[PDB]
Structure formats: C-alpha cells, structure tokens
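All residue numbers in this chain count up from 1 along the given sequence. Quick note: numbers below take in every heavy atom, side chains included, and nothing from hydrogens, waters or symmetry partners.
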Amino acid sequence: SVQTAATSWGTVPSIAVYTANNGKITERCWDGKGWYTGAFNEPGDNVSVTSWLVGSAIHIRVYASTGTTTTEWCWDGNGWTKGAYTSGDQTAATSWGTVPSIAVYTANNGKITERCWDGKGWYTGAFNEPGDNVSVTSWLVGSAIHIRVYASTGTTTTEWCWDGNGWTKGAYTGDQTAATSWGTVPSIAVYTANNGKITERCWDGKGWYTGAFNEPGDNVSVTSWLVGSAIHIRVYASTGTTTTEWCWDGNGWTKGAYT
Ligand SMILES: CCN(CC)c1ccc2c(c1)Oc1cc(N(CC)CC)ccc1C2c1ccccc1C(=O)OCCOCCOCCn1cc(CO[C@@H]2O[C@@H](C)[C@@H](O)[C@@H](O)[C@@H]2O)nn1
Ligand SMILES: CCN(CC)c1ccc2c(c1)Oc1cc(N(CC)CC)ccc1C2c1ccccc1C(=O)OCCOCCOCCn1cc(CO[C@@H]2O[C@@H](C)[C@@H](O)[C@@H](O)[C@@H]2O)nn1
Ligand SMILES: CCN(CC)c1ccc2c(c1)Oc1cc(N(CC)CC)ccc1C2c1ccccc1C(=O)OCCOCCOCCn1cc(CO[C@@H]2O[C@@H](C)[C@@H](O)[C@@H](O)[C@@H]2O)nn1
C-alpha cells in the first residue's frame with residue numbers, strides 16, 4: 001500500500017500530505033479552499049516530514065528514503081532544495097522552536113538510531129533501541145523538549161521518553177504507528193495499523209486508554225492543530241493506492257475531502 005506523511009500549520013490550517021507510491025513521493029496540499037497537487041516530486045520508497053513557522057513563513061523538511069539512503073528536501077518559501085542531512089529504511093521526524101532543532105529517527109535492519117540538528121551541523125543522538133517501525137512526537141515546556149518515540153517490532157510497541165535526563169521507557173500499552181500530541185499536559189494520540197485495521201490509544205495525563213478511532217488501513221499518518229483549547233486531528237489511512245482522511249473536530253470521526 002502507499003505510505004504517507006502529513007504536517008500542518010496555523011489555524012486555517014494548511015496541510016501537506018506526502019505519498020510514497022512505486023518509488024515516487026508526491027504532495028497534496030490544503031490551504032482552506034480545496035486539495036491541490038503541490039510542487040514536490042522526488043524519488044523515495046519511504047517519507048517523513050516536519051515543519052515549523054517563523055512568523056507567518058512555513059519551513060518544511062521532507063525525508064525521502066531509498067534503500068539505506070535518506071535525502072532531506074527543504075521548502076523555505078523559494079522552491080525545494082536538497083538539505084545537509086546525512087546519517088528501504090523507515091524514518092520519523094520532529095522539530096521544535098524557530099532555530100529549529102530537528103530529530104530524525106531511522107529504523108534500519110531492526111535498530112532505530114537518531115540524527116540531530118540544533119543549527120550547527122547534523123550529529124548522532126543518544127537514542128539507539130530495537131525496532132522495525134518508528135513514529136515520534138514532541139512538545140516544549142518553555143525551552144525544555146519532551147520527545148516520545150514509538151518503536152515497534154511484530155505487534156509490540158515500546159514508548160521511549162526523553163525529558164531532558166536520558167531515554168526511559170514510557171507507560172504506553174511489524175505494526176506501523178503514527179503519533180501526535182498537543183498542549184503541555186500533554187495529550188497524545190497514537191494510531192496503529194495492524195492486519196489492515198487502524199486503532200487508537202490516547203493519553204490525557206491519567207493513563208493510556210483506547211480511543212474511538214477504528215478504520216481500515218495498512219498505513220497511517222496523522223497531524224493535528226489547536227484552535228484555542230479545541231484539538232483538530234487528521235488521520236490519513238491508506239489501503240493499496242487509496243488514502244482516506246478521517247477528521248476529528250470534537251464531534252466524532254468524519255470522512256474528510258482529501259483525494
Ligand atoms: C532561524 C530563522 N530563519 C527562517 C528564515 C532563518 C534564519 C537564517 C537563515 C535561515 C533561516 O536559513 C538559511 C539557509 C541556508 N541554506 C539554504 C537552506 C544553505 C543550504 C543558508 C543560510 C540561512 C540563514 C542565515 C542567513 C544569514 C545569516 C545567518 C543565517 C543563519 O541561519 O545562522 C545563524 C547562526 O549562525 C550562522 C549559520 O548559518 C549557516 C549554517 N546553516 C544552514 C542552515 C539551513 O540548513 C537547512 O535547514 C536546516 C533547518 C536543516 O534542515 C539542514 O539540514 C538544512 O540544510 N542554517 N544554518
Ligand atoms: C501521586 C501522583 N501525583 C498525583 C497526580 C503526582 C506526582 C508528581 C507530580 C504531581 C502529581 O503534580 C505535579 C504538579 C505540578 N504543578 C503544580 C505547581 C504544575 C503542573 C508540578 C509537578 C508535579 C509532579 C512532579 C513532581 C516531581 C517530579 C515530577 C513530577 C511530574 O510531573 O511527573 C513525573 C512522572 O512520574 C510521576 C508523575 O505522576 C503522575 C502520572 N504520570 C506519568 C507521567 C508521565 O508519563 C510519561 O509521559 C507521558 C506524557 C506519557 O508519554 C507516558 O506514557 C509516559 O510514561 N505524568 N504523570
Ligand atoms: C455545498 C454544500 N455542502 C455539500 C455539497 C457542504 C457545506 C458545508 C460543509 C460540507 C458540505 O461538508 C463538510 C464536511 C466536513 N467533514 C466531514 C463531515 C470533515 C471535517 C466538515 C465540514 C463540512 C461542512 C462544514 C461544517 C462545519 C464548518 C465548516 C464546513 C465547511 O466545509 O464549510 C461550509 C461553510 O464554508 C466555510 C468555509 O469552508 C468551506 C469548505 N471547507 C471544508 C472545511 C473543512 O474541511 C475539512 O477539514 C480540512 C482542514 C481538510 O482536512 C479537509 O479535507 C476536511 O474535509 N473547511 N472549509
């Protein structure tokens with residue numbers, strides 16, 4: 001089945017969804033007025049994405065992997081350009097602040113490792129754990145980053161936590177996952193594709209529970225945004241070459257307009 005990655009920004013919001021299909025990654029875009037085809041078109045069997053705003057200006061980083069080679073592509077308002085990133089493998093990316101800092105996790109032959117950017121060159125991070133699949137989400141509390149990495153082997157997903165004092169195993173209870181988070185509590189939703197079905201586990205600070213989302217798919221991606229205190233979630237569920245968007249806007253899961 002095709003494999004997707006999603007990011008979003010602002011409160012409209014804008015959404016970009018990257019799809020890897022038969023070794024090519026293409027882009028579909030939403031800015032409030034209909035889906036359209038974006039400019040990005042590069043080779044890849046696997047894709048991940050992160051983005052950040054500086055004022056009103058979006059910066060996008062797309063990580064495109066063939067075999068064991070990952071290429072970073074950069075959008076900074078003036079066309080796509082190849083980025084400095086160095087380390088098919090499967091990646092997950094997150095970013096924070098306006099520098100920004102970036103962490104890119106790679107699953108390669110049953111091991112996940114980490115490459116980091118803080119504005120002064122790529123380096124190897126401390127994270128090194130078993131896994132065939134990886135997803136990540138992060139949030140800031142002031143200047144302090146918190147990272148959650150979901151590492152899966154077979155049907156077992158292990159959560160790994162960075163909270164400024166080393167990687168520790170988290171309370172979360174191969175399958176493929178996607179994760180998003182919001183606020184400073186925070187809330188976290190983790191989607192898992194297992195045997196053609198996507199299910200949802202949720203944290204709001206008081207234990208993991210099963211969420212309401214339950215839809216068909218072999219691959220999943222997710223993005224979310226706040227409008228005030230209200231969370232909005234978009235889950236992209238793929239079977240074969242068909243991707244279905246599922247929308248949570250506080251009143252149940254509804255199918256979205258994505259094509
Ligand atoms: C922090 C807020 N923004 C948003 C507009 C910003 C500001 C300045 C630049 C920015 C962005 O981006 C670049 C990008 C390049 N490129 C094109 C992508 C080279 C490939 C070159 C310069 C800037 C400069 C630049 C302009 C003038 C003066 C300063 C600096 C400077 O960043 O630095 C402040 C700290 O000391 C100077 C370091 O600047 C050179 C080293 N470098 C590369 C990058 C950008 O690299 C890319 O983006 C990353 C976030 C990673 O994804 C990389 O792998 C990727 O290659 N930022 N700094
Ligand atoms: C007896 C258990 N309770 C009662 C709820 C408790 C325990 C610690 C604090 C508690 C409460 O409350 C506060 C309140 C504040 N304030 C008041 C000014 C502002 C919010 C500040 C600090 C505390 C702390 C505190 C004191 C010292 C050191 C740390 C922490 C800390 O926040 O959490 C540390 C984590 O373990 C103990 C916390 O117990 C609550 C249950 N739990 C687990 C997690 C974190 O779990 C991980 O991160 C998640 C986001 C998920 O990824 C998890 O799967 C993962 O395991 N947070 N709460
Ligand atoms: C011409 C009359 N028709 C049908 C022929 C109509 C009218 C209103 C809606 C319609 C359809 O459909 C939906 C569908 C959704 N879903 C599934 C039920 C996903 C959330 C949600 C809303 C509608 C609304 C709706 C309800 C409440 C608020 C707004 C909107 C809204 O869309 O606009 C109607 C008035 O114009 C406001 C400007 O927006 C027009 C087009 N539009 C769609 C959206 C929301 O679209 C969704 O969220 C996005 C961020 C993307 O993820 C989408 O792909 C997703 O469909 N915002 N604007």
inquiry  = Would you say that more than 12 heavy atoms from the other residues, nucleotides or ligands in this model lie under 6.0 Å from the NZ of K169, or not?
reply    = no
request  = For side chain to side chain contact (heavy atoms under 4.5 Å, CB included), just list the numbers for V136 and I147, CA-CA rounded to whole Å, side-chain angles, deciding distance to a tenth of an Å, and then say yes or no.
outcome  = CA-CA 7 Å; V136 61; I147 315 176; 3.5 Å; yes
Mutual orientation of the aromatic rings belonging to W225 and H232 [parallel < 30°, tilted 30-60°, perpendicular > 60°] = parallel
task = Look at the aromatic rings of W208 and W203 and report parallel, tilted or perpendicular, splitting at 30° and 60°.
result = tilted
To the closest 0.5 Å, what do you measure between [atom1] ([X]) and [atom2] ([Y])?
X	Y	atom1	atom2	result
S138	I102	OG	CD1	11.0 Å
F127	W167	CZ	CH2	5.5 Å
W9	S14	CH2	OG	5.0 Å
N195	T155	CG	OG1	10.5 Å
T4	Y18	OG1	OH	12.0 Å

Over all heavy atoms of both residues, which pair between [X] and [Y] is shortest? Give the atoms and the distance, please.
X	Y	value
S135	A92	CA-CB, 3.9 Å
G38	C29	CA-SG, 3.8 Å
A93	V104	CB-CG2, 4.3 Å
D89	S65	O-CB, 3.8 Å

key: Check: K24/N41 side-chain N/O donor and acceptor closer than 3.5 Å   = no
message = Looking only at side-chain N and O atoms, does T94 offer a donor or acceptor that is under 3.5 Å from a partner on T50?
response = no
request  = Report yes or no: does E42 contribute a side-chain atom to a donor-acceptor pair with the main-chain N or O of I25 at less than 3.5 Å?
outcome  = no
request  = Examine distances only and state if a side-chain atom of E72 and a backbone atom of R61 form a donor-acceptor pair shorter than 3.5 Å.
outcome  = no
key: Verdict with reasoning, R115 to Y63, per side chain to side chain contact (heavy atoms under 4.5 Å, CB included)   = CA-CA 12 Å; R115 290 285 285 178; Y63 299 93; over 6 Å; no
key: With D31 via salt bridge (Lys or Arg N to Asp or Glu O under 4.0 Å) - residues at least two apart   = none
request  = Quickly, which of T173, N133, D175, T192 forms a side chain to side chain donor-acceptor pair (under 3.5 Å) with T157? Name it, please.
outcome  = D175
request  = Establish whether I145 and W160 are linked, either directly or via other cluster members, by ILVMFWY side-chain heavy-atom contacts under 4.5 Å.
outcome  = yes
